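> 102 is the number that the authors' numbering gives to position 98 of the sequence shown; each next residue is one higher, with no gaps. Mind having a look at this structure? Questions to follow.
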Amino acid sequence: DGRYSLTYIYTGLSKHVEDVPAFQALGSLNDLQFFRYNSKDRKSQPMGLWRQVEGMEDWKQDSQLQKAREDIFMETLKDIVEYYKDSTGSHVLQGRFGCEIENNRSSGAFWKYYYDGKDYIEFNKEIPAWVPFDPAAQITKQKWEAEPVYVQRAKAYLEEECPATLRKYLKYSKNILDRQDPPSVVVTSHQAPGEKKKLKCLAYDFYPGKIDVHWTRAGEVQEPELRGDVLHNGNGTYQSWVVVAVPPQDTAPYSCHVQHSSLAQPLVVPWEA
Ligand SMILES: *[C@@H]1O[C@H](CO)[C@@H](O[C@@H]2O[C@H](CO)[C@@H](O)[C@H](O)[C@H]2NC(C)=O)[C@H](O)[C@H]1NC(C)=O
Ligand SMILES: *[C@@H]1O[C@H](CO)[C@@H](O)[C@H](O)[C@H]1NC(C)=O
Numbered sequence: 005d006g007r008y009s010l011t012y013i014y015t016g017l018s019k020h021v022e023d024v025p026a027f028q029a030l031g032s033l034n035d036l037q038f039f040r041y042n043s044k045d046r047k048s049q050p051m052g053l054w055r056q057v058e059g060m061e062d063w064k065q066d067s068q069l070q071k072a073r074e075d076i077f078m079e080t081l082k083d084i085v086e087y088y089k090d091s092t093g094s095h096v097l098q099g100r101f102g103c104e105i106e107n108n109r110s111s112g113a114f115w116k117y118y119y120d121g122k123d124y125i126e127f128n129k130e131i132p133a134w135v136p137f138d139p140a141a142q143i144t145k146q147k148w149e150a151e152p153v154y155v156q157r158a159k160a161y162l163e164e165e166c167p168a169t170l171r172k173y174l175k176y177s178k179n180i181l182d183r184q185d186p187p188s189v190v191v192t193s194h195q196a197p198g199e200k201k202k203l204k205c206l207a208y209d210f211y212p213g214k215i216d217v218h219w220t221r222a223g224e225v226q227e228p229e230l231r232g233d234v235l236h237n238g239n240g241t242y243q244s245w246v247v248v249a250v251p252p253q254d255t256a257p258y259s260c261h262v263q264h265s266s267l268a269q270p271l272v273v274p275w276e277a
């Protein structure tokens with residue numbers, strides 16, 4: 005087994021402009037986002053390849069869960085703006101929490117909130133208690149610790165419940181996170197009216213994203229003019245290209261070389277003028 009992480013990020017706005025939900029929530033497994041929720045449609049929705057995964061989460065219910073998280077999230081934001089006597093301004097509260105395992109061994113945990121970009125409050129499951137970094141965080145901590153049970157629950161979420169969810173989610177996400185999809189390539193050349201000729205070598209439809217794409221000119225690894233790449237969450241595939249400029253009076257043979265963890269040995273693709 006290898007590394008796997010579960011992360012959730014909450015964003016709440018005290019005074020939201022039109023067409024922007026006051027509260028957004030999202031979740032990513034490793035390098036891919038699998039769900040999303042906002043205060044407009046108020047419905048948890050799977051994403052990417054998880055749109056086709058059946059029986060991993062009863063989203064209809066999770067929507068009710070989110071609606072609960074949301075009400076506590078904005079209230080917290082309400083109290084902060086309240087404290088600072090400035091409800092006329094536009095403020096923001098970001099929270100981040102999740103956990104990670106490695107070799108089926110819980111190896112991480114985090115739960116931190118940010119206010120207007122500054123560190124606000126974060127939980128330390130070792131004490132266990134919340135650490136306040138902002139004067140108003142002091143009240144929040146007070147409220148979130150009014151009963152001896154509260155900090156026991158939080159520790160319980162990071163050390164027991166969250167990793168439980170990661171493991172569950174992992175049983176249904178094998179055919180996704182563990183993929184090793186080989187990269188397909190296409191070497192194309194475009195000539196602009198005036199400049200030199202340019203050769204584009206694209207590597208598409210692959211996963212993981214760590215790839216090695218480069219050109220050569222008669223065996224000599226050439227320096228790229230343009231380099232780029234992207235992630236398409238819908239498919240859960242990466243794309244990575246490279247471009248080189250070729251002198252007007254050159255005949256030498258250009259070959260694109262692609263390396264990957266999915267490939268047994270590197271691929272080569274020459275450009276036939
Ligand atoms: C992942 O999504 C991308 C874009 O939605 C797919 O790539 C498109 O492929 C079509 C036909 O192959 C092209 O006409 C588009 O220009 C491509 N979009 C872009 C901007 O890359 C890709 O095929 C999807 N992955 C798979 C294998 O389904
Ligand atoms: C770790 O994986 C094993 C199977 O390899 C599974 O039975 C177990 O529930 C997982 N976590 C543990 C040790 O509780």
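Note that CB positions come from ideal geometry on N, CA and C, so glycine has one too.
In chain order, what residues of the same chain lie with their CB nearer than 7 Å to the CB of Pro186, ignoring the 5 residues before and after it?
Once the five neighbours on either side are set aside, the close Cβ partners of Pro186 are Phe210, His264, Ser266, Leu267.
> Go through its chain and collect everything with a Cβ distance to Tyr124's Cβ below 7 Å, but skip five positions before and after it.
These residues qualify, in order along the chain: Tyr117, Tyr118, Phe137, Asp138, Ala141.
> Compute every distance between the C-beta of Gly198 and the non-hydrogen atoms of ligand 1, then say whether any falls below 8 Å.
No, the beta carbon of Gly198 sits no closer than 8 Å to any heavy atom of ligand 1.
> Between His236, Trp275, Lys200, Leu206, which has its C-alpha nearest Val189's C-alpha?
Minimum Cα distance to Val189 is reached at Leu206.
> Spell out the partners DSSP gives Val246 in its beta bridges.
DSSP output for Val246 lists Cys205, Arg231 as bridge partner(s).
> Ligand 1 heavy atoms versus the CB of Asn239: any closer than 8 Å?
Within the cutoff, so yes.
> Pull up the distance between the alpha-carbon of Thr255 and that of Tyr242, whole angstroms please.
Distance between the alpha carbons of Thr255 and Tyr242: 32 Å.
> Would you identify the three-state DSSP class for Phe137, choosing helix, strand or coil?
Coil at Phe137, not helix or strand.
> Quick check: the stretch 78 to 96 against the stretch 155 to 163, are there 3 or more CB pairs under 8 Å?
Contact between the stretch 78 to 96 and the stretch 155 to 163 is absent, because fewer than three Cβ pairs lie under 8 Å.
> If I follow the unbroken alpha helix (DSSP H) through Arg73, where does it start and stop?
Run containing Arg73: 63 to 87, per the alpha helix (DSSP H) assignment.
> Which of the three DSSP states, helix, strand or coil, is assigned to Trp54?
Three-state result, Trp54: helix.
> Where does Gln142 fall in DSSP's three states?
Three-state result, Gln142: helix.
> Along the chain, where does the beta strand (DSSP E) containing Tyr14 start, and where does it finish?
Its beta strand (DSSP E) spans residues 7 to 17.
> When the Cα atoms are used, what is the spatial distance from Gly52 to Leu36?
Distance between the alpha carbons of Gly52 and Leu36: 8 Å.
> What's the call for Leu230, buried or exposed, on a 16-neighbour Cβ count within 10 Å?
Looking at its Cβ environment, which holds fewer than 16 other Cβ atoms inside 10 Å, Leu230 is exposed.
> Quick check on DSSP: helix, strand or coil for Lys122?
Residue state, collapsed to three classes: strand.
> Just to confirm before moving on: does the CB-CB distance between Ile105 and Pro25 stay below 9 Å?
No, the pair does not count as a contact, with Cβ atoms beyond the cut-off.
> Using 8 Å for Cβ pairs, my map puts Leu81 next to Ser177. What's the rounded Cβ distance?
About 32 Å; that fails the 8 Å criterion.
> Which residues neighbour ligand 2 when neighbourhood means a C-beta less than 7 Å away from any of its non-hydrogen atoms? List them by chain order.
That gives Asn108, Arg171.
> Between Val225, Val250, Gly238, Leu10, which lies nearest to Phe114 when the distance is taken from Cα to Cα?
Nearest C-alpha to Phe114: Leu10.
> Going by the C-beta, is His264 closer than 8 Å to any heavy atom of ligand 1?
Answer for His264: no, Cβ out of range of ligand 1.
> By alpha-carbon positions, which one of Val153, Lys64, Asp83, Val247 ends up nearest to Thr192?
Ranking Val153, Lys64, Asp83, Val247 by Cα distance to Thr192 puts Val247 first.
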